[PDB]
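Below is one structure, written out as structure tokens, with a few remarks after it.
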Amino acid sequence: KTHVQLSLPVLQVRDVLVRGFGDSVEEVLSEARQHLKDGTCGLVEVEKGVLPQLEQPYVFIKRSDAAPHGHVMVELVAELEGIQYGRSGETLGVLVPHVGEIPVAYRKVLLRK
């Protein structure tokens, strides 16, 4: 399927144990996609002071369309030293590995895979 319905656990930035997916734009997009497939991917909502507490490169989910079955259609955009790889809509949050942190909420997304 070109899209997969996912429910992403929303994590508080200060709880996050593994603060990024790796060391290159290509690696973080790769790793983010693998963790999304394996159900081991969390979401941190972006506000003032969040991104400097996480590791670059960043992987964002961005709204790709204006929402089947409650699931917002999203795609992945990476960012490194202020350059983005991908072009999409509004940021829903920054993806991180999920290693058992307790979430505050779930974000239903339809991921372009």
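Letters A, B, ... go to the chains of the structure tokens in the order shown; residues in each chain start at 1; ligands are counted from 1 in the same order.
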(message) Give me, as a PyMOL selection string, all polymer residues having an atom no more than 6 Å from stretch 88-90 of chain A, counting only C-alpha atoms and skipping those fewer than 2 positions away in the same chain.
(response) chain A and resi 62-64
Got time to write the residues from that selection, N, CA, C and O atoms, as a CSV table (one decimal), in the first residue's frame?
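Listing of result36.csv after writing:
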chain,number,residue,atom,x,y,z
A,62,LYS,N,4.9,16.2,8.0
A,62,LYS,CA,4.3,17.4,7.5
A,62,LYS,C,3.0,17.0,6.8
A,62,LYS,O,3.0,15.9,6.2
A,63,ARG,N,2.0,17.8,6.9
A,63,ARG,CA,0.6,17.5,6.3
A,63,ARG,C,0.8,17.6,4.8
A,63,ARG,O,1.4,18.6,4.3
A,64,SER,N,0.3,16.5,4.1
A,64,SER,CA,0.6,16.4,2.6
A,64,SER,C,-0.7,16.7,1.9
A,64,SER,O,-0.6,16.8,0.6
(request) Please identify all polymer residues within 6 Å of stretch 91-96 of chain A, counting only C-alpha atoms, omitting same-chain residues fewer than 4 positions from it, and present them as a PyMOL selection string. (result) chain A and resi 20+41-46+59-62
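The shortest atom-to-atom distance to residue A:76, with only C-alpha atoms taken into account, belongs to A:29 out of A:29, A:104, A:51, A:110.
Taking atom CA of residue A:73 as the reference point, atom CA of residue A:2 is found at 11.3 Å.
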Stretch 16-39 of chain A near stretch 79-86 of chain A within 12 Å: what's each residue's closest atom pair and its distance in Å to one decimal, counting only C-alpha atoms, ordered by chain then ascending residue number, as JSON lines?
{"residue": "A:20", "atom": "CA", "partner": "A:79", "partner_atom": "CA", "distance": 11.7}
{"residue": "A:22", "atom": "CA", "partner": "A:80", "partner_atom": "CA", "distance": 11.5}
{"residue": "A:23", "atom": "CA", "partner": "A:80", "partner_atom": "CA", "distance": 9.7}
{"residue": "A:24", "atom": "CA", "partner": "A:80", "partner_atom": "CA", "distance": 8.2}
{"residue": "A:25", "atom": "CA", "partner": "A:80", "partner_atom": "CA", "distance": 7.0}
{"residue": "A:26", "atom": "CA", "partner": "A:85", "partner_atom": "CA", "distance": 9.3}
{"residue": "A:27", "atom": "CA", "partner": "A:80", "partner_atom": "CA", "distance": 12.0}
{"residue": "A:28", "atom": "CA", "partner": "A:79", "partner_atom": "CA", "distance": 9.7}
{"residue": "A:29", "atom": "CA", "partner": "A:85", "partner_atom": "CA", "distance": 9.5}
(message) Rounded to one decimal, what separation in Å do you get between atom CA of residue A:97 and atom CA of residue A:32?
(response)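 Atom CA of residue A:32 lies 7.7 Å from atom CA of residue A:97.
When only C-alpha atoms are used to measure the gap to residue A:21, the shortest distance among A:66, A:54, A:111, A:8 belongs to A:54.
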